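In: Structure here, sequence nowhere to be found:
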């Protein structure tokens, strides 16, 4: 009866494809708005319309682990492969599965030396999905069906 | 800095001129919402219109001290003599005081049966401004120069 | 770094005897009874000066040169005495100062020795190094070195610096060094020996820093021998000689009564690896301080049976603190997943679960272990321990079971109280049930009786729960008596006293200067060890951590709301729900009285408020396209019968109103509607039984009627059966305490019940009987209809008409026919119910009385008798406003107030605004009330006097007219939009979107 | 418990049958004859007690007392974070065991935790024999506190530190870590007070809650229930008199801060205390906002003179900066409009912000910085940065804070997008002076300098690059061009094509020579390059080449979509471009009917291009937030769509309570 999206996430090196760490998804945040810009620039060309909305995708994974090799060996880029069963209204869980992936991401964690006196093991690491001039963002979705 | 017009409430027996207990007012809650025939369902005709509004006044006090005579001697009704100073923004301190009284009130506090552990000394007592057919509300405000 | 690894290799290679000894030392260490005899060997690690140095110095001074030969134990003492006598004591003291006066630093052994929580540390050394060693770790100790110090015993822990010390001074008179001092010890220090013997008697001595043949060791050996046979546990010896102990010496001192340990027997070491040897033994013991004796995974069942079998006593225990049974080795999460936090051995707990999955592996056990696992698995299932977190598959948490006390059962409670108590647990249940029924004095006396009988049968769990319950119920008795004597007299007019003053004196006397916070501390070490979970109940500050959990989770849930972030797996609200039902099941199954306390109610209330608040938001939560991609058609929040009874029991009616206003409860569908209806029928029937009979236990009434009020108020959403509806209404109108529910609250509760379920003709008959009774309450002129919500029996009759188009209550009609002029008050009451009576009755009453004043005019128009306004009615209005005007100009010199006149004047203003009464005099009375001016002449009226109540309180037709008039439409729309923008309000938004735009 | 000491600054007479001796003591305080008559030593005791009660805020009996006041006096150096002053005191020589305590607490706040532990020990040696029970105990407390803090810092370093910092740091030596893990192993801080000498505990029972490992639990539950009372007050629309729950949490928060900061307990810096402060403030400010937006009811305002409004003092700024993260302050600003609150102590808040910027400038200008202190102070630095918007700063102060934000702030902990949006937040209050324009031009020209390398590429979470900074510069200075970037063009070659691409985005901030260089060295023929040219203003109309290029991109996306039907469908980033183009067609900017063939994408493409055929049930009202006033008017004016958009918007806003949806509906009333 519980929410059946126990997604598996594989954090791999985008530079080489080497798996870094695997874990279970916790939450995902989506926010999209418009940059607070001007319209008088030059002559505020009427014919020149422009979409200036910018969107950021924030994520979090729990039960973060790590690969022995990645620990061993130690611009850099990172990849994410969100693996989830294709929950659809027709059936609690469909034969097909849904793959979600973000080829670009950076590990700006909120931990920042969290010094909570509690004996809890939740190394939650946050993730902001990076962008580039060519692509608004690398967030990618595919359907197995 | 903080409210400088500390309220002295005198709660007296209505049948006879005896004082029951004095306290310090803490908060007053006012509700003007239509609950007669719930929201819709009241009397309505083409040329006839009746204001069906109903309102209830709640008051809280603290530090209740009872008159020794009332304990000694011990349809019954009681009054309230909320006593505060009228302060204007222009005159934050005024010789004149504002006198609020509820001649018709019913003592029914939810603090009854409050069994909190350890230290406790806040016998807040709730009152409800009881109404009558002849008079919609008994509360009255008079300012003594 | 790897010293610990090599030493763990040493451990479990150790002979069983050594490991058992180490575990015994550890257990006694935790008990604050372990005592240490630390010798110069430990101080040698510090390089503290050795006695032979002073001996040789004395020899040089005596004979002009050292001995160049080994001193016997007698020589080590004899040569000092020859120096003390032949020369004297002055150079004796000088040499002691010269040698022993050094600020040597402590070493790892010095603090390890303290890591065992030494009850006492009796040292024969004359050093002050050992004193500091005590601070090093943190243990407090009282230094004793003379007869006088025996008085100065501030603590229960002694650093008994026997043989004296130079703390008095670097003088042989102040210590035992010369031979004569050793010989005359029994006479020179009676009191140090006095203590010494007693401390050696019971405390677990553990020798260290000493040689087996040391004189002090031998003295203590003979002294322990003096004890009665089998009346002293063999103290231990942490021997650390570089050479391995000779087997013969081992046999000798084991026979003498010492549990000796050689470091050399455990490890290999150099000749000067003294510190290494001390560290090896002491750190084997320290690693034993942690449970690392888990040998094999097939042995798991025995370990878990050692930990859990004594735990069967409770009917349930929270998985929150079940980790404390295993000392934070496996965190049992709220959903039941057992998160592995630590496990020195393999198969600590995980092998148990692999057996639980693999039935063939479960078959490998002895039938002993088979049934052991069976019982332990039944215990974990009771706990709701679903599976090991590592292999935990898809989970389906469910509503925790609760006892019948949680259910609205009181007849069963009394039946069982009547039934004979079989044993102690039956009497404990009886005491809790009596407390629930308000028979607090009987419950208290039974609690005391079971206190006695339970220490008699040695049921530590039952006794300790009985102690804490007895204290909690005593507090309830005291606070209830205070509440009665203070406020009940203002409430009822004559304070009761069910609790006899002699009984109150007795209970106060039995318990004084007694804090339950220390109750667990006062328990036996056996019970304290095997019931560390129940320590949480000891502290009087109940819910010592559930409130913090709620605070953090409420914050997190609010943050999730504000962030609008999706979730995968169990979220914050899930764990709030799980903790809430865990706490309920624990407290109600264990029959603790602590539930009725305010703090537990507040915790439950806040939890359910957050749960429903997130329930409302998820319903209106918007889903992004990728949000839909991850998941869609999410499970909705439900309201089962159990959650209903939570709401009823723990929330106050104002709180239920607050949550209904904030969150549309009616949308979230209710669950177990049949069970909800049955429990409400139970409340109704119980109230009928209690109020129809004169017997009304006052304490029980105050305890439970709040439950009933909340359940009735919150029953607005659930459907009721026809017989159930009859019972619930008959409880609400007649048998409900009129003291708490005025007529208005009664009416609005009945209206909510109407809102969900219709009132059939049977319920119509019930309410008609109530109305005819109010008429029969109106025979006395003194009787008055009075309510707080401005709601009267006229509104009841309006409801009946709203349901029945045609209804003639022959009882009311006959009353009116029976009514005479003298019964004018009854004529007024029956007038309020004029629609409900017959035509003949209507004519009779019309003959009796008609409108004469404004009050009667509003009465009539509310009933609708007059369908058009006569000139006399408007003229009467003009006269009343003339009176109001003279009163206002008279009141102008005074302060002006309007609280009831304002209703009439507002209605008259409305009627001018509705062009119903053309009378221009009502215009002449303009200027008195802001609303009056707003209605009569809105244009002149300045629109700054508009009230938010006016913005939200309204009428549909009046709103249509307001929109129709443009002059006031502009101002009202402006202020109303401004207010909704200031604070988004549902009524403001509806008023905006429906009538004007 | 003889007399309950009410937090408001008075004392209630808890049930007692003594001599009524606090009443007598305040009669003494009131009466000059009474105090004079005492014995001289008794008079000194009386006045010392009076001064103590003034220090703690106690005035007289709660009954005897009347109007009171609330304020802040947490004057600890660590509270202000004068790290320069703090370490200056540390290096200065100690002359007391309390002086050593002060040095130890300061070393803890500066990340020199090793020195803190050693000094704590030192005080323990200095006090074991001298028997200073309070100092001895408290030093043991904080010693355990620092051992905790160092344990958690090391644990963070071994774990998430690798991925976050990108490296393995070991600032703490293994030998020191083992030394301290051993010197006080197996030691319960709860039992410390229990095991302490009886005299000290009897004299200072205050310090029992310090003993408790879960200290401030009572604080936590008290705040939680006071918060419950606050939320009920908000719900029921009450009108409280005298003290209320919100004032109670204010005073409790303030008292706890002052206690733990003046006592110099290192426990002040733990995350549990930070959580308590954050919650306490959050309650205060949501209450302030609710008070701003409340009915009148013609009773509350009359009793008290005028009205007591909420405001922000320098201490409030300090607490909020120290004990909030960026998500906290941001969620706050979202739920509650801080702009309504009138701030105070602008000059002192400016001084604190300058101190924060000076500290981070000292850290990052020099290559050497303590890592543990960097973690301790960055979050505070971030919060102060973000929270500096609402305060007025001087030109020097503004320059310092901004230069911190751009050049001295870490990239790892704050990317370029955050950097820019934090900047534009900062200037909303203080319009760019020549100094700030110069600083941004400098940082931007540095970004160009890194972009000279073909390997470098701009990276930003928010998608806000150097172009946004240049847009801001020319927003505040309509006539501005960078000479540094111009002379970069003078030396610019076609080899540095990525530098030319970076500079193409920054065209308006350049001279005409630079504009010609950009035009000549490369063309604007690319979808992203076309968007850039549109943004910078180089192209205003879509030439046949431009519209055909867009048509070819949509043809590529169309064939990809057709392939995607057979091989799964991905639509995040292209659909942005297609939606922009569909709007351009809808806004009569693009006229080619080839786009009508390309229809088939259900995000703003088939909708804008073909509203009639579009299934309006798929429309999402959140789309309305992205559109501006012009597009809002056009979209609302079209008959084929206006009815469905108004119905969806009005029903969804009536179910919801977003203010922006109210505004969109207000513009949609037509």
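Out: Received the coordinates, thanks. Numbers count the residues shown, from 1 in each chain, chains lettered A, B, ... in the order given.
In: And the helices in the stretch 751-900 of chain C?
Out: C:761-777, C:793-803, C:810-818, C:824-832, C:839-848, C:854-863, C:871-893 (DSSP state H, counting those that start in this stretch).
In: got it, and chain A?
Out: Remark: helices assigned in chain A by DSSP state H are A:68-73.
In: what residue is smack in the middle of it?
Out: Closest to where the C-alpha atoms of chain A average out (CA atoms, centre = their mean) is residue A:59, at 4.9 Å.
In: Name the residues linked to that one by a beta bridge.
Out: Beta-bridge pairing for residue A:59 (DSSP bridges): residue A:28, residue A:127.
In: Tell me who's in contact with it.
Out: A:25, A:27-29, A:80, A:102, A:105, A:126-129 (CB atoms under 8 Å, 6 or more residues apart in numbering or on different chains). Where you see a C-beta, it was placed from the backbone N, CA and C, and this is true even at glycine.
In: Determine the three-state secondary structure at the closest residue to chain B within the stretch 251-400 of chain C.
Out: Chain B sits closest to residue C:318 of the stretch 251-400 of chain C, with a gap of 19.5 Å, by CB to the nearest CB. Per DSSP: H, G, I helix; E, B strand; the rest coil, the local secondary structure of residue C:318 is coil.
In: and it, what is it in contact with?
Out: Per CB under 8 Å, 6+ apart, neighbours of residue C:318: C:533, C:582-583, C:586.
In: Let's have the helices of the stretch 751-900 of chain C in a markdown table, adding mean neighbour count and distance to residue A:76.
Out: Formatted as a markdown table, the helices of the stretch 751-900 of chain C follow (neighbours: other CB atoms under 10 Å in any protein chain shown; distance: least, CB to CB, whole Å):
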| stretch | mean neighbour count | distance to residue A:76 |
| --- | --- | --- |
| helix C:761-777 | 18 | 75 |
| helix C:793-803 | 21 | 74 |
| helix C:810-818 | 18 | 89 |
| helix C:824-832 | 21 | 84 |
| helix C:839-848 | 15 | 92 |
| helix C:854-863 | 18 | 80 |
| helix C:871-893 | 15 | 82 |
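In: residues near residue C:393, how many?
Out: The tally of other residues near residue C:393 (other CB atoms under 10 Å in any protein chain shown) stands at 7.
In: before we move on, what about the one 3 residues further on?
Out: Burial of residue C:396, expressed as a neighbour count using other CB under 10 Å, amounts to 8.
In: which residue packs closest to it, ignoring adjacent ones?
Out: residue A:1 (4.7 Å; CB to CB, 6 or more residues apart in numbering or on different chains).
In: Can I get the helices of the stretch 751-900 of chain C in CSV including distance to residue C:956?
Out: Below are those laid out as CSV (distance: least, CB to CB, whole Å):
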stretch, distance to residue C:956
helix C:761-777, 27
helix C:793-803, 17
helix C:810-818, 32
helix C:824-832, 25
helix C:839-848, 30
helix C:854-863, 18
helix C:871-893, 24
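In: With distance to chain B as extra columns, can I get those in a markdown table?
Out: Output for the helices of the stretch 751-900 of chain C, formatted as a markdown table (distance: least, CB to the nearest CB, whole Å):
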| stretch | distance to chain B |
| --- | --- |
| helix C:761-777 | 12 |
| helix C:793-803 | 6 |
| helix C:810-818 | 18 |
| helix C:824-832 | 9 |
| helix C:839-848 | 17 |
| helix C:854-863 | 5 |
| helix C:871-893 | 9 |
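In: Minimum distance to residue B:144: which of those has it?
Out: Smallest distance to residue B:144 across those (CB to CB): 11.9 Å, for helix C:871-893.
In: quick one: the strands in chain A?
Out: A:8-13, A:19-34, A:53-62, A:78-85, A:97-101, A:125-128, A:140-143 (DSSP state E).
In: Would you reformat those strands as JSON lines and include distance to residue C:150?
Out: Converted to JSON lines, the strands of chain A look like this (distance: least, CB to CB, whole Å):
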{"stretch": "strand A:8-13", "distance to residue C:150": "68"}
{"stretch": "strand A:19-34", "distance to residue C:150": "63"}
{"stretch": "strand A:53-62", "distance to residue C:150": "61"}
{"stretch": "strand A:78-85", "distance to residue C:150": "71"}
{"stretch": "strand A:97-101", "distance to residue C:150": "77"}
{"stretch": "strand A:125-128", "distance to residue C:150": "62"}
{"stretch": "strand A:140-143", "distance to residue C:150": "82"}
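In: Now for residue C:691, how many residues are close by?
Out: Neighbour number of residue C:691 under other CB under 10 Å is 18.
In: Give the closest residue to it in space, chain neighbours not counted.
Out: Excluding its sequence neighbours, the residue lying closest to residue C:691 (CB to CB, 6+ apart) is residue C:735, at 4.2 Å.
In: and that neighbour, what does it touch?
Out: C:687-688, C:690-692.
In: How about residues contacting stretch A:35-42?
Out: The contact list for stretch A:35-42 (CB under 8 Å, 6+ apart) reads A:52-54, D:424, D:464, D:468, D:471, D:474-475, D:508, D:537, D:628.
In: Relative to the whole chain's centre, how far out is it?
Out: 30 Å (CA atoms, centre = their mean, to the nearest Å).
In: At which residues are the strands of chain C located?
Out: C:34-38, C:120-121, C:142-144, C:158-160, C:204-208, C:236-239, C:259-262, C:330-332, C:337-340, C:387-388, C:565-567, C:786-787.
In: quick one, what contacts the closest residue to chain B within chain A?
Out: Nearest to chain B, among the residues of chain A, is residue A:117, at 24.7 Å (CB to the nearest CB). Residue A:117 sits next to D:148, D:213-214, D:270-272 when contact means CB under 8 Å, 6+ apart.
In: Spell out which parts of the stretch 301-450 of chain C neighbour chain A.
Out: Applying CB under 8 Å from any CB of the partner chain, one finds that the stretch 301-450 of chain C approaches chain A through C:328, C:339, C:341, C:394-397.
In: just the buried members of those residues?
Out: Neighbour counting with 16 or more other CB atoms under 10 Å in any protein chain shown marks C:339, C:341, C:395, C:397 as buried within those.
In: quick check, nearest of those residues to residue A:96?
Out: Of those, the one sitting nearest to residue A:96 (CB to CB) turns out to be residue C:395, at 23.4 Å.
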